[PDB]
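Keeping their order, the protein sequence lines are chains C and A. With the authors' numbering as the guide, the letters of the first sequence map in order to residues 379 to 386. With the authors' numbering as the guide, the letters of the second sequence map in order to residues 7 to 252, 324 to 360. Even for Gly, the Cβ is constructed at its ideal location relative to N, Cα and C. Inspection log for the structure reproduced underneath, given as structure tokens.
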Amino acid sequence: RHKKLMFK
Amino acid sequence: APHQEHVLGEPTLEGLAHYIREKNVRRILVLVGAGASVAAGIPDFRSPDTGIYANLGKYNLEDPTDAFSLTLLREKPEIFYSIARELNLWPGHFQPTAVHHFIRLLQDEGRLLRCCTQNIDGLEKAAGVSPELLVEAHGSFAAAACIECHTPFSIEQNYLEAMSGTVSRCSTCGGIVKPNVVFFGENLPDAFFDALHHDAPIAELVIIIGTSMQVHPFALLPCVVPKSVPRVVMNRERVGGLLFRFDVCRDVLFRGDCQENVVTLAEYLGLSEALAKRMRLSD
Ligand SMILES: [Zn+2]
């Protein structure tokens with residue numbers, strides 16, 4: 379489980 | 007080339023419907039993103055003649071997606087609240103599309119394993135996809151809560167405050183309240199992890215409509231289904247990089334309007350009357 383993210 | 011023989015036989019909407027019927031496919035995982043709801047009239051962040059885009063300008067963001075950042079919300083809540091006022095995502099404004107009604111039909115046919123949506127528009131729910139079968143992986147505007155202590159807040163109060171220019175505040179800690187949209191940096195709901203660990207590994211078919219693959223962990227869903235099951239992508243863009251090959326040949330990309338493609342799929346599935354009937358009944 380990890381939090382909502384995006385690679386920027 | 008033999009190594010290109012497709013798991014679907016013919017990698018077409020016709021072949022897909024045949025495959026579903028001939029193999030009696032009952033465990034269909036449907037994933038849904040922003041492309042599915044364009045036809046409902048949802049304002050695209052990225053479109054220059056929208057009201058939503060005009061707003062974002064003054065603030066100057068290295069991405070419309072920073073409006074959904076938890077750290078920007080704590081710092082300058084006026085920014086997300088200003089976007090919330092313009093998107094009109096409160097339930098009961100937008101109506102479900104042909105894609106949304108289709109998923110409801112899959113459920114009523116006993117073929118839906120789970121519907122997992124990254125949209126925050128509540129349209130799957132508006133189309134009658136049941137609670138046990140629907141995962142709103144990024145929440146929606148249906149309920150609200152404090153971001154500091156997680157205490158629920160009246161959505162009706164939050165709506166009235168937001169739409170009149172007021173940032174809502176927790177009556178326990180003075181924290182900032184927002185609708186229960188999952189922001190960048192927040193936890194996804196449990197039901198997302200249920201779907202990832204328990205549904206996707208047993209899918210017989212995955213149909214991925216209008217999604218990006220660039221928001222995580224949501225984008226893992228189609229990566230964890232069995233290596234042999236068909237993965238159908240309906241999108242206006244060639245998405246997924248090298249994770250998709252449009324190990325057996327099992328991926329297909331259907332370009333064009335996902336609303337039209339679902340209607341065609343429905344025809345071949347023998348569901349065209351049920352779909353036209355849902356579509357009239359609420360447009
Ligand atoms: Zn609080």
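- Put simply, the residues with a CB less than 6 Å from any heavy atom of ligand 1 are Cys152(A), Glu154(A), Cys155(A), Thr157(A), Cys176(A), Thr178(A), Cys179(A) and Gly181(A), in chain order.
- Under DSSP, the beta-bridge partners assigned to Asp328(A) are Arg237(A).
- Contact note: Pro223(A) reaches chain C through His380, using a C-beta cutoff of 7 Å and chain order.
- Beta-carbon to beta-carbon, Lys184(A) and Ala148(A) are separated by about 13 Å, too far to satisfy the 8 Å threshold.
- Residues of the region 189–206 of chain A with a C-beta atom less than 8 Å from some C-beta of chain C are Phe189, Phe190, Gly191, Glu192, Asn193, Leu194 and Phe199, listed in chain order.
- With three or more CB-CB distances shorter than 8 Å, the region 207–217 of chain A counts as touching the region 33–50 of chain A.
- When DSSP assignments are scanned along the region 11–97 of chain A, the uninterrupted stretches of beta strand (DSSP E) that are 3 or more residues long and fall wholly within it turn out to be 34–38.
- In summary, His203(A) is exposed, with fewer than 16 beta-carbon neighbours lying within 10 Å of its beta-carbon over all protein chains present.
- DSSP lists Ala151(A) as the bridge partner or partners of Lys184(A).
- Annotation for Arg120(A): the continuous beta strand (DSSP E) segment containing it runs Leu118 to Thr123.
- Looking at the DSSP output, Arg175(A) sits in a beta bridge with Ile182(A).
- Across the structure, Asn164(A) and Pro232(A) are spaced so that their CA atoms are roughly 42 Å apart.
- Pairing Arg120(A) with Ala209(A), the inter-Cα distance amounts to about 9 Å.
- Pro49(A) places its beta carbon less than 8 Å from that of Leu93(A).
- Contact between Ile126(A) and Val187(A) holds: their C-beta atoms lie close to 5 Å from each other, under 8 Å.
- For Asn338(A), the closest alpha carbon among the candidates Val105(A), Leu358(A) and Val44(A) is that of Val105(A).
- Residue contact check for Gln101(A) against chain C: no CB pair falls below 8 Å.
- By the C-beta criterion, the region 189–207 of chain A is judged not to be in contact with the region 14–26 of chain A, since fewer than 3 inter-stretch pairs fall below 8 Å.
- Of the residues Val13(A), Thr103(A) and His9(A), the one whose Cα lies closest to the Cα of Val135(A) is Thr103(A).
- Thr77(A) counts as exposed, since fewer than 16 other C-beta atoms from the protein chains shown sit within 10 angstroms of its C-beta.
- Secondary structure at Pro158(A): strand, using DSSP grouped into helix, strand and coil.
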